[PDB]
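Order of appearance sets the numbers: ligands from 1, and atoms from 1 within every ligand. In this chain, residues are counted from 1 in sequence order.
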Amino acid sequence: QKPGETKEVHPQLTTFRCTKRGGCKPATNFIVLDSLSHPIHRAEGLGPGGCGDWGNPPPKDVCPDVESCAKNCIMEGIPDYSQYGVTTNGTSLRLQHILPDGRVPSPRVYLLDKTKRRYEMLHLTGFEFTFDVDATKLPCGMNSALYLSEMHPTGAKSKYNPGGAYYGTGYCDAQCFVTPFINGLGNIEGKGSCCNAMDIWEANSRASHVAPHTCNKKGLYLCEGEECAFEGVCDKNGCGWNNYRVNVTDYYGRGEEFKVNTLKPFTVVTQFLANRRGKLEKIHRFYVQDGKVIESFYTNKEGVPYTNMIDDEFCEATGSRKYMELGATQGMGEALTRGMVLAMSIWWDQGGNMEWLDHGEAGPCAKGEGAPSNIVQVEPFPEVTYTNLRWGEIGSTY
Ligand SMILES: *[C@@H]1O[C@H](CO)[C@@H](O)[C@H](O)[C@H]1NC(C)=O
Ligand SMILES: *[C@@H]1O[C@H](CO)[C@@H](O)[C@H](O)[C@H]1NC(C)=O
């Protein structure tokens, strides 16, 4: 859409680049909200309303073609990110789901490089990514997420998309969802926005999930028809890793009786281990709390290979068919090596209560506990804070 008059004021976030010899060194980065979360309205004289809702093409009368959509739909800058539940303080990023004015911004943001015009590209095969988190105010049904998508570095800045990454354009993931704009351009044919995605962190205070998602396409692919579906170009399900699903029920939760106690803040380490030819082979997650390393659990379920790490053998044995067919752990790693954009978000799920994260086989939450109508009785103001984002050499971030 056309950038409007209103100025965009991005929150600044200090992050770190780490090596064993040099330790962790500060770097200046900026934070940008998703393009379609900025105010999107019609050009002067066309009346009130936006340019389409999630899941659909843009409206045909303001957008009959890309060129008309590019002048008839306006995307305003956000001068005060706090009005969308997004604030920073030095090395910390606070995401608030619900505000006191009653809105539910549910923010999704990306990490911009120091120029503000290009996303920070992370290349993590053979390296590790680490962060500290406070998950106390995330009850059953909430999802705080921190992940990588293979978005274009400038947000696909182009003739009809002059805003680019400065405005948060170019979102994609492995779900191939239909959005009214893709790469900042009206999505006239209602295609889906597809790309490889590494779900580093999807969690609340009750459960923690990790999952790589492969696609057989490089970068953002605009799919049509069956390309967008389950047997198409991307792996919807991913290769999931959750202590509850592998029958280790005392690892993570609210209380001293769990090895990772979500009543207190903790550190989350994720290592992308490669073979001697440079291809990703294993994904290893462990935690640090109160100055002590907390090793990963090992699997404990009949029919699941004994492992403390994500790998092809584990993914295949747990039924992750599309993950294997669309590239497997090596394919995930090839996307990581090309370069990925960091996304952070906080959201709930009116349709299914986030059951795949923390109910049944996945956690301790009861049927209905995760509904939004019930979340607000437990915690009226859900939020998450991420602090000291840092990445680099194996063994150097913690
Ligand atoms: C920013 O962080 C410092 C602690 O490092 C804290 O003392 C201060 O209250 C924080 N600022 C805001 C606006 O919360
Ligand atoms: C789950 O773990 C318990 C031990 O805590 C064990 O008795 C049970 O057999 C395990 N279940 C499966 C399906 O392996």
Notebook entry, point to check: Between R321 and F230, is NZ or CZ placed under 6.0 angstrom from the six-membered ring centre and within 45° of the ring axis?
Noted result: no
re atom 14 (O) of ligand 2, the protein heavy-atom contact at minimum distance is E302 N, 3.0 Å
Heavy-atom proximity to atom 2 (O) of ligand 2 ranks first, among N247, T249, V246, for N247
To the nearest 0.5 Å, atom NZ of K2 lies from atom CG of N161 at 13.0 Å
Of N300, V248, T299, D250, the residue with the heavy atom nearest atom 4 (C) of ligand 2 is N300
ask   = Can the ring centroids of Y166 and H10 be said to lie less than 6.0 angstrom from one another?
value = yes
query: Any side-chain donor paired with an acceptor under 3.5 Å for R254 and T262?
result: no
Considering all protein heavy atoms, does one lie under 4.0 Å from atom 8 (C) of ligand 1? yes
closest protein heavy atom to atom 12 (C) of ligand 1 is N89 ND2, 3.7 Å
| query | Regarding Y119 and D113, is there a side-chain donor-to-acceptor distance under 3.5 Å anywhere? | reply | no
Regarding ligand 2, does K301 bring an N or O atom to under 3.5 Å of one of the ligand's N or O atoms? no
